[PDB]
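Let me begin by presenting the structure, written as structure tokens, before commenting on it.
Throughout, protein chains are lettered first and strands after them, A, B, ... in sequence-line order, and every chain is numbered starting at 1. Quick note: numbers below take in every heavy atom, side chains included, and nothing from hydrogens, waters or symmetry partners.
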Amino acid sequence: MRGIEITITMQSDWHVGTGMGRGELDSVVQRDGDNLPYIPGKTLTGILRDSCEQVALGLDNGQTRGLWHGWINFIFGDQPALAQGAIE
RNA sequence: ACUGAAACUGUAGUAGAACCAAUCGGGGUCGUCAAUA
């Protein structure tokens, strides 16, 4: 099911950073292949994931692991780099 | 003889400190004017 879109409307001035500046600039924004500003999909997943995890916390009554947090790992995938021990 | 997965370039930081829009000045007072025939 492709054909869904997300629209982002920027309501204040915005800065997807590059972690660095250049010359006289101390922070510069990411630009796409057309030299235009954009939000990278890795940034967009991270922000959207984080907010579905905010919703999950409420639905899980603050339980950091539970049924609704499992739904985030369903929708957004597990985060195996953070898990430790014998995850089967 | 078979695409790894998953991961927010973010986090903290007041474009600000200093600098008088100011210095001097009585709202005052007296001699003509004009050039020809």
Does atom CE of A:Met10 have more than 12 heavy-atom neighbours, drawn from other residues, nucleotides or ligands, at distances under 6.0 Å?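 For A:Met10, atom CE is crowded (more than 12 foreign heavy atoms under 6.0 Å).
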Is the count of non-hydrogen atoms from other residues, nucleotides or ligands lying under 6.0 Å from A:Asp26 atom CG greater than 12?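 No.
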Using whole Å, report how far [atom1] of [X] lies from [atom2] of [N].
| X | N | atom1 | atom2 | value |
| --- | --- | --- | --- | --- |
| A:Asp26 | B:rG13 | CG | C1' | 12 Å |
| A:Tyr38 | B:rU9 | OH | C1' | 12 Å |
| A:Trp14 | B:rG10 | CH2 | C1' | 16 Å |

Each base of RNA chain B marked ( ) or [ ] if paired in-strand (Watson-Crick or G-U under 3.5 Å), | if paired to another strand and . if unpaired gives .....................................
Just by modelled atom types, is the [Y] backbone N or O under 3.5 Å from a matching donor or acceptor in the [X] side chain?
| X | Y | answer |
| --- | --- | --- |
| A:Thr45 | A:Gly41 | yes |
| A:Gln30 | A:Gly17 | yes |
| A:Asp60 | A:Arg65 | no |
| A:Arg31 | A:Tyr38 | no |

What is the distance from atom CH2 of A:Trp68 to atom CD of A:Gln63, rounded to the nearest 0.5 Å?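 One finds 13.0 Å between CH2 of A:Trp68 and CD of A:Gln63.
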Gap separating the CD1 atom of A:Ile6 from the CD1 atom of A:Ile8, nearest 0.5 angstrom: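 Separation between the atoms: 6.0 Å.
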[N] sugar pucker (north/south) via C1'-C2'-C3'-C4':
| N | value |
| --- | --- |
| B:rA6 | north |
| B:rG16 | north |
| B:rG31 | south |
| B:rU14 | south |
| B:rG4 | north |

Syn/anti state for [N] [syn: chi within 90° of 0]:
| N | result |
| --- | --- |
| B:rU32 | syn |
| B:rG26 | syn |
| B:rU9 | syn |
| B:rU14 | syn |

Return the minimal non-hydrogen interatomic distance between A:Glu53 and A:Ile72, and the atom names on each side.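 Answer, listing the atom of A:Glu53 first, then A:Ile72: CG-CG2, 3.6 Å.
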Should [N] and [M] be reported as a stacked step, that is, with six-membered ring centres less than 5.5 angstrom apart and planes less than 30° apart?
| N | M | answer |
| --- | --- | --- |
| B:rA21 | B:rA22 | no |
| B:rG13 | B:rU14 | no |
| B:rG28 | B:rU29 | yes |

Summarise protein proximity over nucleotides 2-8 of chain B in one line of letters, 5' to 3': B for base, S for sugar-phosphate only, - for none, counting protein heavy atoms closer than 4.0 Å. ---BSSB
Determine the interatomic distance between P on B:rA17 and the same-named atom on B:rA21; round to the nearest Å.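 Looking at atom P only, B:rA17 and B:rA21 are 15 Å apart.
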Cluster overlap A:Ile87 with A:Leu82, hydrophobic side-chain contacts below 4.5 Å: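 Different clusters.
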